[PDB]
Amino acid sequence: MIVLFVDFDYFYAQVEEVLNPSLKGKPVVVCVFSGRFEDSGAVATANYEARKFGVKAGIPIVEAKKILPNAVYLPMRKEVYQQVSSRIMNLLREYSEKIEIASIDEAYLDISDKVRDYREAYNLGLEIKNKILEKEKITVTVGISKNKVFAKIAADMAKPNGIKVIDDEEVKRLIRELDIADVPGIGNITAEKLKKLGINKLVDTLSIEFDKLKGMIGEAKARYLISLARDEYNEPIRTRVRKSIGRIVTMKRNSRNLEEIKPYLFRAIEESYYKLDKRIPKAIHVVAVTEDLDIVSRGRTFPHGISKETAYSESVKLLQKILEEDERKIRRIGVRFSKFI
């Protein structure tokens, strides 16, 4: 089994560069303005010109304008980046019908047939790499190794517009070299608990007691990190399917009043039923961000699909129980739709 993974580079940012090359060369910050005050909101993603200076996503736009005050600031446009993705994704399937679409900028393959040996994989690299680079004008990093995981680390250590392969011999040198945070599935919150147990490099996950993992990072994670440590891991590529949809609007100003919220909750439903197109959600949730940025949702599954009417009716029933079980005000309010039929 041989895996050729692909990460679309600074995708949102890049797309816009393809939709107006005048940018390709300049710093570019894509961001969702919340509308409250001028330039309020956050960065969605930044290219390497803007990132190479501290501008990354999640950070306030204002802080951004503070570091790079002469960068192009463009609102985000998901739809477009969503199709420029599909046009590309379909352009990968003609390389294996068994590909795994992880994200919008990630696809998983298994050219175990198409390519046995590595140097041979390394070429199916520049050939999938050179083609998506000539059809949609997009440049993407390629990662090659034994499983899906070391495939990310592959593209991770060589992106952007890069390439790298990890001989099975290397999937062994990094098990003891690679920090634990650079491990796919590991985010800061987890890279800590682990450091608190003592762990740092992959391999260190066998030292500590197994019940010492379970309790600190869950067992799914435990078995997960244990596996890769033994070179075993080896998991099958899987077509994968989105199993939830939802929008999360931003209050012009914090609101605790069930009527100032309403107009928002409904922009969220519509902007979910449209994205939902042809999917019947048996379950629905309501997410609401408490002013001091804490989240608190509510839900409810039905024995049948949810008609847009039910979608408002119960939508309002859940927001209320929040405004009730809690007391903070609300900065963000959305709606999740899951468990389709």
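One rule holds for the numbers: they count along the sequence shown, beginning at 1.
**Student:** Taking the recorded C-alpha temperature factors, which stretch has the higher mean, 148-156 or 123-131?
**Tutor:** Stretch with the greater average CA B-factor: 123-131.
**Student:** Comparing 48-56 with 288-296, where is the mean C-alpha B-factor higher?
**Tutor:** Comparing averages over the C-alpha atoms only gives 288-296.
**Student:** Taking the values straight from the PDB record, which of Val72, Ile269, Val142, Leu258 has the highest C-alpha temperature factor?
**Tutor:** Comparing C-alpha B-factors across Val72, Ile269, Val142, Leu258, the maximum falls on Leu258.
**Student:** Quick one: which of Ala229, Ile88, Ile104, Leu265 shows the highest Cα temperature factor in the PDB entry?
**Tutor:** Reading the PDB entry, the winner on C-alpha B-factor is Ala229.
**Student:** Quick check for you: using the entry's CA B-factors within this chain, is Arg253 in the lowest, middle or highest third?
**Tutor:** Middle third of the chain for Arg253's C-alpha B-factor.
**Student:** Sort the modelled residues of this chain by their C-alpha B factor and say whether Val335 lands in the lowest, middle or highest third.
**Tutor:** Its C-alpha B-factor, which the entry lists for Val335, ranks in the lowest third among residues of this chain.
**Student:** Can you tell me whether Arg77 has a C-alpha B-factor in the lowest, middle or highest third compared with the other modelled residues of the same chain?
**Tutor:** CA B-factor rank for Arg77: middle third.
**Student:** C-alpha B factor of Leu323, ranked within the chain: lowest, middle or highest third?
**Tutor:** For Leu323, the deposited C-alpha B-factor lands in the highest third.
**Student:** Please rank the C-alpha B-factors of the chain's modelled residues and tell me whether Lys137 sits in the lowest, middle or highest third.
**Tutor:** For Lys137, the deposited C-alpha B-factor lands in the middle third.
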